[PDB]
Protein chains: 4
Amino acid sequence: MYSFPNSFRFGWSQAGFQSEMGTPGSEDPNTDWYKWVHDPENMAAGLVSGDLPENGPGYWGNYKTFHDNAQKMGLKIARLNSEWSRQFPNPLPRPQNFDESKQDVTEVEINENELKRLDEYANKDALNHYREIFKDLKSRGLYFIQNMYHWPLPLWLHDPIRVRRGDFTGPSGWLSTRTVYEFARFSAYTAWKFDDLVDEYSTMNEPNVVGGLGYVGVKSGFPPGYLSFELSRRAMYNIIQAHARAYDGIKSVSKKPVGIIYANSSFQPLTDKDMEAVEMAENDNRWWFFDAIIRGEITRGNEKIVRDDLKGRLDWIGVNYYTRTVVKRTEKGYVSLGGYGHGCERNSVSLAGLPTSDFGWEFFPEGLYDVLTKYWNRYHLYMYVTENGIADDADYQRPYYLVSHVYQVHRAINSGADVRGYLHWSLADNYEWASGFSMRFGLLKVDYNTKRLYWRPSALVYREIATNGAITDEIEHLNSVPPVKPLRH
Amino acid sequence: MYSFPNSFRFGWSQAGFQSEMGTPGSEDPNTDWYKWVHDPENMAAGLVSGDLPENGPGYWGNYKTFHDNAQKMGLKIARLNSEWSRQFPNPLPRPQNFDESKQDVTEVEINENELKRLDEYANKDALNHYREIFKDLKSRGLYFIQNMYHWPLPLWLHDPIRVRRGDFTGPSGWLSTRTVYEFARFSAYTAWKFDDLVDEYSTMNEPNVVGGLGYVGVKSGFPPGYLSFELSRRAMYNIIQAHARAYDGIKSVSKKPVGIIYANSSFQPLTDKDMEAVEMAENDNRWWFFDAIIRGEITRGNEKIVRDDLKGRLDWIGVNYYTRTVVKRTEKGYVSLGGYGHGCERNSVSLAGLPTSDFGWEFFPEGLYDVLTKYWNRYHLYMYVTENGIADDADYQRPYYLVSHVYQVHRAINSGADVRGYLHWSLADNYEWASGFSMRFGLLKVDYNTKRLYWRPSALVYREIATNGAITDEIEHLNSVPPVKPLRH
Amino acid sequence: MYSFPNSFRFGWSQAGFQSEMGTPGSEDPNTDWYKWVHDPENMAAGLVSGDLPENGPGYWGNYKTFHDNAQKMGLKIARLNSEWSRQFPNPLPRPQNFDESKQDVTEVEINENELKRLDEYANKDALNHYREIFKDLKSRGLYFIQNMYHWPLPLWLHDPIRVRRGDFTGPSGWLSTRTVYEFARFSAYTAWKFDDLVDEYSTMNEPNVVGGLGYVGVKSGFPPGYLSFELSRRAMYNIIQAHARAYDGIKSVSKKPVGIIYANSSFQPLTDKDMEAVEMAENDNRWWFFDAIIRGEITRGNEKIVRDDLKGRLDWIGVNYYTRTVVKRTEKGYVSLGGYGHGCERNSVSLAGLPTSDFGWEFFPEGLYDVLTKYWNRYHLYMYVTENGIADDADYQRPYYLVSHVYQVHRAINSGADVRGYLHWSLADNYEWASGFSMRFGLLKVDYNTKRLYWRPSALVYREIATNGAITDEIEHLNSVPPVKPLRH
Amino acid sequence: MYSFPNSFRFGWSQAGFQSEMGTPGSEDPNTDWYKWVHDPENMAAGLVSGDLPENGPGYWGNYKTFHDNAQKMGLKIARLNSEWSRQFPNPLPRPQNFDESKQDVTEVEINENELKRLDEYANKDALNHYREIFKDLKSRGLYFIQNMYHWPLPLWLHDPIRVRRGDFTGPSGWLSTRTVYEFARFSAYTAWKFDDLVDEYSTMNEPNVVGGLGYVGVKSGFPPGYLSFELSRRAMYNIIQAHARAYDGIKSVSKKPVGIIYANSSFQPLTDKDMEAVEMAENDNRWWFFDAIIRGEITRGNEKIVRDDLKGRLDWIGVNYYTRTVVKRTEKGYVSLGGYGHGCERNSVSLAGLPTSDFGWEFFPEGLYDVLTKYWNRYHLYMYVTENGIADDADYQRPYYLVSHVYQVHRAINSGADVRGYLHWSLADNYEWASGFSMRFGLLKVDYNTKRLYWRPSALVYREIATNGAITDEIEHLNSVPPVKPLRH
C-alpha cells in the first residue's frame, strides 16, 4: 500500500477548446484554432484530421454530468481554463502608451479603471456561464486551479492562415508584442472577476509546445505552421514576457499563487557515453525557460542578460508528463532517437520492448520521478503533476499506466519533493488538436454521438486510489509494465 | 441498464484439486490426478505441464481470505466440491450383494446403518475442516451449491498409470462398476453429513470431459490417456449410471434439489448448408446424455432401451460455457473446424477475426444464449450458468468477456428461460490440470509465491454488476468484442 | 506459361538525382532538391529524412557495373534521364522576345544558332560523361528511352527555401514562365546532342507529383512545400505548356517519338454505389492532364478552351503504377480512403487484408490492368509500363509482386492494348527523395558503404522472365498474393 | 565468394513414404506407418493430421520430372531409400538358428544361398521399378547414396495399433530381435541387387527419432505411441545392433562405404553457468549412440560393456541439422527450454528474437558448425550434411536459411572437417509424417492436385551455389538472419 499525505489531492485536467463544444449553441468560431482546423487547404494537405471541435464532448452544456462523475470517483482537484475568445470575441481598443516596435514589455498598466473599462467589452454571457460552471464545481467541493491560456488566441489577435502563407502584415499571435500586452490585461481581468472561485492560478499551458510545434515541427499540424527557427525564438521570447506580465497582473488583483504548466519529457541517455547529451537537452528544453522566469536569466542575441522584470515570477510549477526521450551525443551535438519516447509506432513496441499507446508513445513511468526530482532539486518550488495519461480507447494499458505513474509521484514525494496533486490528463475523451477525436485519453469513454459518458475499468481503479488517498494493496500489481505478449508488435 | 430478477444470484465456481492445496499440510496425494501429474513419464512426454498442485492458491488454509474478497464483490452464490479422496483415503470394504460382472447398476442400498458404517472409515479431520469451510461460507450469507465430483478419483479406485500402460487388472476408475457403486454411497454419505449447510446439489462436474479427454482426446494429458473409442463409451455408460444412483442416494437423505454440471459449446454451422451438421453434433454431444438421465432413454449396443432406473433423475441443469464450435457436414458426417472455438491460436485471432484468449479460445458471447435457450426449450428444467470465464492474466479481454456474457444470460432470461444464477469460472487463479498454473482464469490474480490475492480491474467491474444486480449504464459499453486492433494476431 | 511478343522488351527505370551521386567527385549541388534536403530547418522539422544523396549508389562512377548486372539479367530496355543542372549549372542569358508576364507560351524559337549559342554555356564534362554512359549502355544492346526531366530544377531557376518562406521575388520553378521557356530550349539542345544514342523520348517524369506534392501535399517533404491550391494549378498549367514546347523543340531536331511518363493509381470504388466517385477521380487526376496535351483541351478560369498549340503533342504514354486508391462519393464529392492503396500502415495489412510494403502501399496487381486498358481505350497511343516496383529490402513480397504485375501487362496486351515494355522501378536501391535511403526498391541490394551490388532472389526471377520473354511455367505460382500469414499485421 | 572443393557435391535427400505415392497404382499399404495414419482412433485423437500419403508428390510415377528439375539446378548427389515393404510385402520364413529370446544379435548368416532364397520372396516389380528409378538417376550423372531404412517397417514386422493398445503378443517392430535379424538380411539383399548403381551406403535414417518419438514423445503422433522409458531403451538397443548387423551384411556383398544418418541439434547453454548441461545433453543424445557403433562401447543394465561385434561398424556419419536446443543445469540434471530451437511458436520469433519457420523451429545457422566440428574432432570420420532445410511454403526465410547454412559447412571445412556434401532436405514438398502435407520443406512447390512442380525463388538461388560450387559474391548477403521486422511475432 502506498499512502499519500492527507493534503495531496487527486483529480483531472481539461481544456476549453478540447472539451467545451458539442452541445448546441456552444460553438466558438473566434479562435485561430477553430479556423486552422476548418481550413480547406489544411484538410487537403492532411495537416488536420478533418474532425471538427463543434462535435466534441459537450462540456459547455453537460458540465453537471461531468462533475457528477468526477465526484463519484472521489476526485478533489480540477484544472480548467477560460477561453479568451469567449470573453472578448471583438477587438479591444489599442492600448495607448504602448509602442508595438518595442521588443521588451517590462510592464503593463492594470488598475481598476482599466479593468472597469475592459468590462465594457467583455461578453457577459460567456462570463456568466463560466461563473456558473466554476460555481457548480466549487459546490461539489473540489480545489480549483485555473488556467488562463490553453492555446487558442482570438482571431483578432492571430489569423493563422495569413501567417502560414508568409504574410506578416496581420494579427500574428505570439510574434507581435501586442499579444503580450493584451494577455497581461486579460489575465488580470479574469483573476479580478473570478478570484472568489479560484484557488490557485496558472498563466499558460505548455507554452513550449505552442512555440515549438507552431514554427519548427510543422508536420504536427499546429498553427500557424510557418517554418522558421528565428520566428520560433521570437514567439518564445514573447511568451516568457507575456507570462511575467500576466503574473504581475494577477498579483495586482489577488494574493493566490501563480505558476505555469509546462510540457515535459524525461531525457534518457542512449548509452552511458551519453550523459552530456542529456544535460544539453534539458538546458535547451527545460532549464532555459525556467531560469528565465525564475532567476530572471535570459539572453537577447547571445547576450546573456538578467531582466529583473522577469526575475521571480513563478510561485509553483505544473509538471506535465507522458513519456521519455532518448538522446545521443554528436561531438558537440546531441540527438533525439526514433523508436523511443514519442516517436514510436502505434500500438506496437519501442526499440526497447516497452509497449506503446494508440499515439505511439512509449510506456516509461520512471521518467516522472526523474522530472519531478530534477525540478525540485533545482528550484525548490512546490509542484502539481498537472497532466499524465495515455491515448488508449480499449483501456488495455491504462490501468497499469495510471497506477505505475501515481506510484512514481509517491516515490518523488518520499525523496523530499513537495508535490501536491496528481491530475490525470482527462476525465473524458476530448478533441486532440490536429489528431481529432481518434486519440482517446479519458478515464471515461464518450459516445460523441449522444454525448453520453461511460466508465472504463481504469476509472474504477482511479476511484480506489482517490477515494483512499493511496495505492491500496489489492491493486498494487498494476504498478508494472503491461504484458507485451498479448499486445501487438 | 440490464436488470436481473431479485432472486438471480451472482457468484463463482471452484474445484478442490485446482484451488485447495498450497498451504503447508494441505497436500492430498491420494487421487489418480495427483499421481498422473507427478509421473516422470508423463512429464517427459510433455503430457502434463510439470507444474505441481502442491503449490496452488491455498484455499485449504486461506479460505477466509477467499470469502472476504468474495463478500466485498457482493457475490451471493458459491459452488465448491468435496474431494472424495480426503474423506475416504483408504479402501472401503467390498460392498456385499454386488456383482462386479453386472453391467447395469439399477440400484444401491443406502440406509442409516450403511452411512453409520461408512462413518467408521471416513477421515474425521477432512470432514471437520470442510464443515468449517462451508460454515464460514454460509455465515457470510452465500447460497451454496455443492458438487460431489470434480474429476479426481481416489487411488484405490483408479491407478491411471497402470491403465495408461494397457493393464486392466487394477483399480480402473469409471471402467469398473465398483466405482459406480461407491460413488452412489459417497454421494449419500456427504449429503447425509452436510445437508444442513448445502442449498442445492450437483452430482458431478462435466462428466463428458472425463470420458472424452481421458479415452479419446489423449493429447490433452488427462488420465488415464488410453486411446479407445470403446472404453470411452464404457466410462460414459458408467458415469450416467453413477449419476442416477448418486441422485437416488442423495434423495434418500435429503429433499434439496439435485442436478448435474455439463461442459458446453455452441455448435455453429460453417455455412447455411450446415444446419444438419449442427443438429447431429448436439445429439452426439449434448442430447444423448440428457435424454438418458431425464427421459430415461439410452441404448446398449445400438439397442435403444429406456431404463426407468435412469428416468427422471435430474432436478436442474448446470450450464458451463466458454466458447463455440464450428461444424461442417460430410455426406452423412459433420466435422469440427480448427481456427474457431477451442482450436485457435493463443492470443491471436480466429478465422473469423474474433480475438482469442491465452488458451486459444475464441470470443463468442452469442453462444451462451444459444446453449441456454436450447436446454430450456427441450427440457424446461431451471438452470444456473455454473461456469464461464477466460484465461487472461493481463486482464485485457476479461472486462468485455464478463459483461458480454452476463448480458446474454439476461437475454436468455427475457426469452423465458428460467436461469437463476451466473457463476464465473473463478474467483482466483487456480491449477488448470494438464496446463498447470499458466492459464489464469481468475477475477483475482494470485502470487503463487506468497499466496496473496490481487484485484484485476475486471473484479471491480463484477462488483458493480453483483452489488447492483444489473449491468449498470456506465459499464454497458463492455458488452462488445475486445478491440482486436491493439491486440496480437 | 505466359508469352510476350518478340518485340516486347523487359528492363528498368532510374533517375539522376536518385542514383548518380555516390562516387567521389560526382556531387551536383546545383539543384533545388540538393538544397531542399540539406536545409537545416527542413531536417529539424522532419520534412526530409536527413539522408544525403552524396552517399548514393554511385551510378556516375560505377555505371559499367550497373550495366554488367543489367546484361546478366537479360534486360533489353533502359530509361534514364539527364540532369539539367549538370549541363547548365550557371544561368543562361534571358531569352529575348519573351515577356515573363505572358501567361501562355504558345511557342519558343529553337534553331541551330540558338542551339549553337547554348553550347557556349553547357558543361562539356557533364556532357561528355553522359555520352560515355549512354554509349556503354547502347553497346550492351539495350533500347534506350531518355527522360528530359525527373524533378530537380537548377538553383538558378528555383530556390525552394525562399518560396517555402513565402517569398515569390526569386527563381520560382514551375511558377514562372521563364522555366517553361528554358525547359523547351533544354529539351531541344539535349535531343540535338544525343539523338544518335536515344531511341525514344520522354519529356518529363510524373509531372503531377511535382505539382501535387510540392504545393498541396506538404507533409511529403517535396519542394517548395508552400501550401496553396492556386499555386498548384499555376505550376500544373506551366508544366503542361512546358511539355508541348519541349515536344516541339525535340521534333525540331528529331523524328524519334516523344511521350510523357505519368504517375498512376487505379481508382477502385469502395462500394458498388461508388462508381461515379471513380469517374470523377480519374478526371480530376488523369484525364484532365492528357485531354490537355492530346485533344488540346484545357480551361483557364473555368473557361474550357482548346489551344491548338497543345493539341496533339504526345506520341506515347509512359505508365507508372504502384498501387490502388479507394474512393467514396460525397453528394457531389468523392474521397480517398485511408487503410488502402498508398495510405496503409507499413509492413502490415490493408483494410482489405492485402499485404503492404515497407512504404505502406497495398498489393494490388489488378490495378495495372485497369490503368493500361483505360488509357488504351481512351487515347489508343501505345505505351510502356515505365515504373512498377515495391519498397522491400528483405525481398519477401517482391517475387510475387513482380510476377503478378508482369502477368497483368500480358493480360492487358491480350485485351488489345499496345504495350511495348515493362520497366521495373529499379535495378538497384536508390535515394527515395524525402524518405532517404530507407526505402529499397531494387532488384539488386546496395551496400551504400562499399557501393557494392547484390542480387536479391527476385533478380534471379526477373532474369527468367527477361531471358525467356515469358512467365515460364516453373515460376507461374508467384502470380499470387504473398501469404499474409507469416507476415506482420 | 565462398568456394568449396571440386569434389564437394551439392544435392538433396528424400524418403520413400514421404514422396513416392501419389501416382495411381503407387500405393503401398503394407507398412506400420500407412496403417498408423489411416487409423480412425489416431485421427480422432488428433495424433495424425488426417492427410493421407496416397495423395503425395508422385515420385513413384513422376520421377523423371523430379530428376529433370534436379539436373537443371545442377545438383550432383541424391540420397533416397528403398521401401522395405515394397520388396517383401509378405512374411519371410522364420530364420532357423535364431532364438528370439536371445537379447544380443552378435551375428547373422548371410551367404549367396540365403540371398538366392530371399529372391524367391522379393517383389519383382517393386524391385524392377526401383532399378529403373536409380538407373535414370545415375544416367543424369548424380552420385547416389542409398538409405536402407527411413522409418516404415512392414506390417508383418510391426502392427503399431496392437502395441499402442498395450498388446505385446504381436509383430512389435524394434522391440523384437526378429526385426533385427531380418533387417540385416534385408540390407544385404538390397546391397547385393543394387551395388552396381549405389555409390555409398546408409543403413538407417535418424534411428534416434524412431526410438525417441515412438516411445517417449508420444504427442508427436509417431508409431506405436506407447509411452515407456524402458521400452524406448529396448528399441534403441535393438536399433544399434540392427545397424552393426546390416553393416556386416552389406560388407559381405560390397566394398562400398557404410554409414548412418542421425538427427542432430546443437546444444547451446542458456547461461555461461550451463556448460556442463551441454556436455551432459550431448552424451545422452549423441555420443552414447556413436561410441556404441564405433568404439564398440555400450552398457546393458548400467554395466558398461564393449561388444566387439559392434566395434568399428561405421565408415561415415550423415549429419542432419535443422535447429538448436537450449539447455539449463539442474543440480545434476539439465533441461530443454521452450521458446528456443524446436519448441517455438510458429511463424513468430524465439525467446531470443530469431525468426521461426512454419514448424516453429528457430533460425540458427551457427549450430551446424558446432555439430560438424564436434563430430569431426571426436571420431574423425568424414561426413555429409544429409539433411538441412526449413518448412516455409511462402519462401520468405528459405533463401537466407539456405545460404547461411551452406556458409557454415564451408566454415567447418576450413576448420579441417572432412565434409563432402550438402544435401538439402528436399527437392520438392512431401508428406511430413504426423503433420501431413502442411509442412512444405521443398525448393520446389508441389500442387498436390496436379502433381505439378514449381520453382520457389530459393531454388534459383540453390542453382547458383550448385552450378558454381560456391556462394557467389552476388548472393553473399543472404548469409544473414531474415529481417524479423516485416515478419510476424
# chains A, B, ... in the order shown; residues from 1 in each chain; ligands from 1

$ interface_residues --of "chain C" --to "chain B" --cutoff "12 Å" --atoms "only C-alpha atoms" --output "ChimeraX atom specification"
/C:348-349,351,353,484-489

$ write_last_selection --atoms "C-alpha atoms" --output "PDB file, in the first residue's frame"
ATOM      1  CA  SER C 348       1.121  -4.729 -42.116  1.00  0.00           C
ATOM      2  CA  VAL C 349      -2.124  -5.420 -43.945  1.00  0.00           C
ATOM      3  CA  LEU C 351      -8.284  -2.773 -44.545  1.00  0.00           C
ATOM      4  CA  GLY C 353      -6.318  -7.931 -45.833  1.00  0.00           C
ATOM      5  CA  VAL C 484      -0.092 -12.696 -45.212  1.00  0.00           C
ATOM      6  CA  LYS C 485       0.034 -15.339 -42.525  1.00  0.00           C
ATOM      7  CA  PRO C 486       3.807 -15.368 -41.913  1.00  0.00           C
ATOM      8  CA  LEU C 487       3.993 -11.608 -42.334  1.00  0.00           C
ATOM      9  CA  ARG C 488       3.279  -8.876 -39.800  1.00  0.00           C
ATOM     10  CA  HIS C 489      -0.225  -7.349 -39.327  1.00  0.00           C
TER      11      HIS C 489
END

$ residues_around --residues "region 362-367 of chain A" --least-positions-apart "4" --cutoff "8 Å" --atoms "only C-alpha atoms" --output "ChimeraX atom specification"
/A:265-267,323-324,340-342,344,349-350,354-357,371,401,404-405,408,481

$ write_last_selection --atoms "C-alpha atoms" --output "short mmCIF file (atom, residue, chain, number, x, y, z; two decimals), in the first residue's frame"
data_model
loop_
_atom_site.label_atom_id
_atom_site.label_comp_id
_atom_site.auth_asym_id
_atom_site.auth_seq_id
_atom_site.Cartn_x
_atom_site.Cartn_y
_atom_site.Cartn_z
CA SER A 265 9.84 14.58 -21.16
CA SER A 266 12.49 12.62 -19.33
CA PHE A 267 15.74 12.75 -21.26
CA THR A 323 6.82 9.65 -21.93
CA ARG A 324 10.58 9.79 -22.38
CA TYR A 340 11.59 5.55 -28.32
CA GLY A 341 9.52 8.06 -26.37
CA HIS A 342 7.09 9.96 -28.55
CA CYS A 344 7.27 5.07 -31.73
CA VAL A 349 6.62 -1.88 -29.05
CA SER A 350 9.54 0.56 -28.75
CA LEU A 354 8.24 -1.32 -23.91
CA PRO A 355 4.65 -1.21 -25.16
CA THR A 356 3.33 1.90 -26.96
CA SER A 357 -0.09 3.61 -26.83
CA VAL A 371 11.32 15.03 -13.97
CA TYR A 401 -0.09 3.33 -16.74
CA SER A 404 2.59 2.97 -12.18
CA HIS A 405 2.75 6.73 -12.56
CA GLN A 408 6.35 7.42 -9.00
CA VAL A 481 4.52 -2.79 -17.44
#

$ residues_around --residues "residue 140 (chain D)" --least-positions-apart "4" --cutoff "8 Å" --atoms "only C-alpha atoms" --output "list in words"
residues 67, 71 and 136 of chain D

$ residues_around --residues "residue 300 (chain D)" --least-positions-apart "2" --cutoff "12 Å" --atoms "only C-alpha atoms" --output "MDAnalysis selection string"
chainID D and resid 103:104 233:234 236:238 292 297:298 302:307

$ write_last_selection --atoms "N, CA and C atoms" --output "PDB file, in the first residue's frame"
ATOM      1  N   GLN D 103      18.853 -61.890 -26.229  1.00  0.00           N
ATOM      2  CA  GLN D 103      18.937 -60.426 -26.175  1.00  0.00           C
ATOM      3  C   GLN D 103      19.828 -59.847 -27.246  1.00  0.00           C
ATOM      4  N   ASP D 104      21.050 -60.365 -27.334  1.00  0.00           N
ATOM      5  CA  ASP D 104      22.023 -59.889 -28.309  1.00  0.00           C
ATOM      6  C   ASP D 104      22.006 -60.587 -29.648  1.00  0.00           C
ATOM      7  N   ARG D 233      14.418 -47.743 -24.482  1.00  0.00           N
ATOM      8  CA  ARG D 233      15.793 -48.222 -24.445  1.00  0.00           C
ATOM      9  C   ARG D 233      15.847 -49.550 -25.176  1.00  0.00           C
ATOM     10  N   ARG D 234      14.829 -50.400 -25.004  1.00  0.00           N
ATOM     11  CA  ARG D 234      14.844 -51.695 -25.699  1.00  0.00           C
ATOM     12  C   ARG D 234      14.965 -51.450 -27.202  1.00  0.00           C
ATOM     13  N   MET D 236      16.036 -48.824 -28.791  1.00  0.00           N
ATOM     14  CA  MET D 236      17.318 -48.227 -29.142  1.00  0.00           C
ATOM     15  C   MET D 236      18.422 -49.267 -29.173  1.00  0.00           C
ATOM     16  N   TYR D 237      18.428 -50.155 -28.184  1.00  0.00           N
ATOM     17  CA  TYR D 237      19.410 -51.231 -28.119  1.00  0.00           C
ATOM     18  C   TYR D 237      19.271 -52.102 -29.369  1.00  0.00           C
ATOM     19  N   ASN D 238      18.049 -52.464 -29.732  1.00  0.00           N
ATOM     20  CA  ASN D 238      17.835 -53.275 -30.917  1.00  0.00           C
ATOM     21  C   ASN D 238      18.214 -52.550 -32.172  1.00  0.00           C
ATOM     22  N   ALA D 292      28.884 -46.380 -29.132  1.00  0.00           N
ATOM     23  CA  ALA D 292      28.398 -47.735 -29.225  1.00  0.00           C
ATOM     24  C   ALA D 292      28.861 -48.311 -30.561  1.00  0.00           C
ATOM     25  N   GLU D 297      31.589 -49.403 -27.520  1.00  0.00           N
ATOM     26  CA  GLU D 297      31.156 -49.197 -26.118  1.00  0.00           C
ATOM     27  C   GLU D 297      29.651 -49.035 -25.918  1.00  0.00           C
ATOM     28  N   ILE D 298      29.110 -49.789 -24.973  1.00  0.00           N
ATOM     29  CA  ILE D 298      27.686 -49.765 -24.665  1.00  0.00           C
ATOM     30  C   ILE D 298      27.529 -50.261 -23.229  1.00  0.00           C
ATOM     31  N   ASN D 302      23.610 -51.120 -16.507  1.00  0.00           N
ATOM     32  CA  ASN D 302      24.404 -49.934 -16.095  1.00  0.00           C
ATOM     33  C   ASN D 302      25.835 -50.508 -16.180  1.00  0.00           C
ATOM     34  N   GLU D 303      25.884 -51.656 -16.830  1.00  0.00           N
ATOM     35  CA  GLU D 303      27.082 -52.419 -16.976  1.00  0.00           C
ATOM     36  C   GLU D 303      27.700 -52.024 -18.298  1.00  0.00           C
ATOM     37  N   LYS D 304      28.669 -51.109 -18.193  1.00  0.00           N
ATOM     38  CA  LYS D 304      29.403 -50.637 -19.358  1.00  0.00           C
ATOM     39  C   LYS D 304      30.220 -51.789 -19.961  1.00  0.00           C
ATOM     40  N   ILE D 305      29.761 -52.315 -21.091  1.00  0.00           N
ATOM     41  CA  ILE D 305      30.468 -53.406 -21.747  1.00  0.00           C
ATOM     42  C   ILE D 305      31.240 -52.845 -22.941  1.00  0.00           C
ATOM     43  N   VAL D 306      31.664 -53.729 -23.853  1.00  0.00           N
ATOM     44  CA  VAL D 306      32.389 -53.373 -25.076  1.00  0.00           C
ATOM     45  C   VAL D 306      32.262 -54.587 -25.980  1.00  0.00           C
ATOM     46  N   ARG D 307      31.179 -54.627 -26.751  1.00  0.00           N
ATOM     47  CA  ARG D 307      30.885 -55.721 -27.663  1.00  0.00           C
ATOM     48  C   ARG D 307      31.649 -55.524 -28.956  1.00  0.00           C
TER      49      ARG D 307
END

$ residues_around --residues "residue 27 (chain B)" --least-positions-apart "4" --cutoff "10 Å" --atoms "only C-alpha atoms" --output "list in words"
residues 17, 20, 21, 22, 23, 34, 53, 54, 55, 60 and 86 of chain B

$ select_by_dssp --residues "region 20-248 of chain D" --states "helix (DSSP H, G or I)" --output "VMD selection string"
chain D and resid 32 to 38 40 to 44 53 to 55 63 to 72 84 to 87 112 to 121 124 to 140 155 to 157 160 to 164 173 to 175 177 to 194 207 to 215 218 to 220 229 to 248

$ residues_around --residues "residue 478 (chain A)" --least-positions-apart "4" --cutoff "7 Å" --atoms "only C-alpha atoms" --output "short mmCIF file (atom, residue, chain, number, x, y, z; two decimals) with C-alpha atoms, in the first residue's frame"
data_model
loop_
_atom_site.label_atom_id
_atom_site.label_comp_id
_atom_site.auth_asym_id
_atom_site.auth_seq_id
_atom_site.Cartn_x
_atom_site.Cartn_y
_atom_site.Cartn_z
CA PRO A 399 -4.76 0.57 -15.54
CA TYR A 400 -1.02 -0.14 -15.45
CA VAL A 403 -1.03 3.02 -11.04
CA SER A 404 2.59 2.97 -12.18
#

$ select_by_dssp --residues "region 129-172 of chain B" --states "strand (DSSP E)" --output "PyMOL selection string"
chain B and resi 143-149

$ write_last_selection --atoms "N, CA, C and O atoms" --output "compact mmCIF listing (two decimals), in the first residue's frame"
# COMPACT_ATOMS: atom_id res chain seq x y z
N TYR B 143 -25.48 -18.42 -0.95
CA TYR B 143 -26.26 -19.61 -1.26
C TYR B 143 -25.14 -20.61 -1.64
O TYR B 143 -24.17 -20.23 -2.28
N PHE B 144 -25.28 -21.89 -1.32
CA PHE B 144 -24.19 -22.82 -1.57
C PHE B 144 -24.63 -24.02 -2.36
O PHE B 144 -25.59 -24.69 -1.99
N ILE B 145 -24.01 -24.23 -3.51
CA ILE B 145 -24.31 -25.40 -4.33
C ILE B 145 -23.14 -26.29 -4.05
O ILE B 145 -22.02 -25.82 -3.89
N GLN B 146 -23.38 -27.57 -3.90
CA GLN B 146 -22.30 -28.47 -3.59
C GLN B 146 -22.12 -29.55 -4.64
O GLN B 146 -23.03 -30.27 -5.06
N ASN B 147 -20.90 -29.64 -5.10
CA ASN B 147 -20.62 -30.61 -6.12
C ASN B 147 -19.92 -31.83 -5.52
O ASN B 147 -18.93 -31.69 -4.79
N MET B 148 -20.45 -33.01 -5.81
CA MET B 148 -19.88 -34.24 -5.29
C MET B 148 -18.60 -34.68 -6.00
O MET B 148 -17.64 -35.09 -5.36
N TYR B 149 -18.59 -34.56 -7.33
CA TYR B 149 -17.45 -34.99 -8.13
C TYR B 149 -16.88 -33.98 -9.13
O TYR B 149 -17.54 -33.59 -10.09

$ closest_atom_pairs --of "region 241-323 of chain D" --to "region 423-436 of chain D" --cutoff "12 Å" --atoms "only C-alpha atoms" --output "CSV"
residue,atom,partner,partner_atom,distance
D:261,CA,D:423,CA,11.8
D:318,CA,D:423,CA,10.0
D:319,CA,D:423,CA,9.7
D:320,CA,D:425,CA,8.8
D:321,CA,D:425,CA,9.4
D:322,CA,D:425,CA,9.3

$ atom_distance --atom1 "CA of residue 270 (chain C)" --atom2 "CA of residue 332 (chain C)"
15.7 Å

$ residues_around --residues "region 447-464 of chain C" --least-positions-apart "5" --cutoff "7 Å" --atoms "only C-alpha atoms" --output "CSV table (one decimal) with N, CA and C atoms, in the first residue's frame"
chain,number,residue,atom,x,y,z
C,55,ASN,N,25.7,10.3,-50.8
C,55,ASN,CA,26.2,9.0,-50.4
C,55,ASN,C,25.3,7.9,-51.1
C,56,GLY,N,24.9,8.2,-52.3
C,56,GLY,CA,24.1,7.2,-53.0
C,56,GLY,C,24.8,6.0,-53.6
C,57,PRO,N,24.1,5.3,-54.5
C,57,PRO,CA,24.6,4.2,-55.3
C,57,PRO,C,25.9,4.3,-56.0
C,58,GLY,N,26.1,5.5,-56.7
C,58,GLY,CA,27.4,5.7,-57.4
C,58,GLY,C,27.3,5.5,-58.9
C,73,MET,N,20.9,-10.1,-66.4
C,73,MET,CA,19.5,-10.5,-66.2
C,73,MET,C,18.8,-10.6,-67.5
C,74,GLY,N,19.5,-10.2,-68.6
C,74,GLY,CA,18.9,-10.2,-69.9
C,74,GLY,C,17.9,-9.1,-70.2
C,395,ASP,N,13.0,-8.7,-49.4
C,395,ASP,CA,12.7,-9.4,-50.6
C,395,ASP,C,11.6,-10.4,-50.4
C,398,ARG,N,8.6,-9.1,-53.1
C,398,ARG,CA,9.0,-8.8,-54.5
C,398,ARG,C,8.7,-9.9,-55.5
C,399,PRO,N,9.1,-11.1,-55.2
C,399,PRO,CA,8.9,-12.2,-56.2
C,399,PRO,C,7.5,-12.2,-56.7
D,457,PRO,N,11.7,-19.1,-55.5
D,457,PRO,CA,12.9,-18.4,-55.7
D,457,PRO,C,14.2,-19.0,-55.1
D,458,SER,N,14.1,-19.7,-54.0
D,458,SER,CA,15.3,-20.2,-53.4
D,458,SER,C,15.9,-21.4,-54.2
D,460,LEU,N,16.2,-21.2,-57.5
D,460,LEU,CA,17.1,-20.4,-58.3
D,460,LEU,C,18.4,-19.9,-57.6
D,461,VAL,N,18.3,-19.8,-56.3
D,461,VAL,CA,19.5,-19.4,-55.5
D,461,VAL,C,20.4,-20.6,-55.4
D,474,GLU,N,27.5,-12.2,-55.7
D,474,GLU,CA,26.2,-11.5,-55.7
D,474,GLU,C,25.1,-12.0,-54.8
D,475,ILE,N,25.2,-13.2,-54.2
D,475,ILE,CA,24.2,-13.6,-53.3
D,475,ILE,C,24.7,-13.8,-51.9
D,477,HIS,N,24.9,-11.8,-49.5
D,477,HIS,CA,24.2,-11.1,-48.4
D,477,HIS,C,23.1,-12.0,-47.7
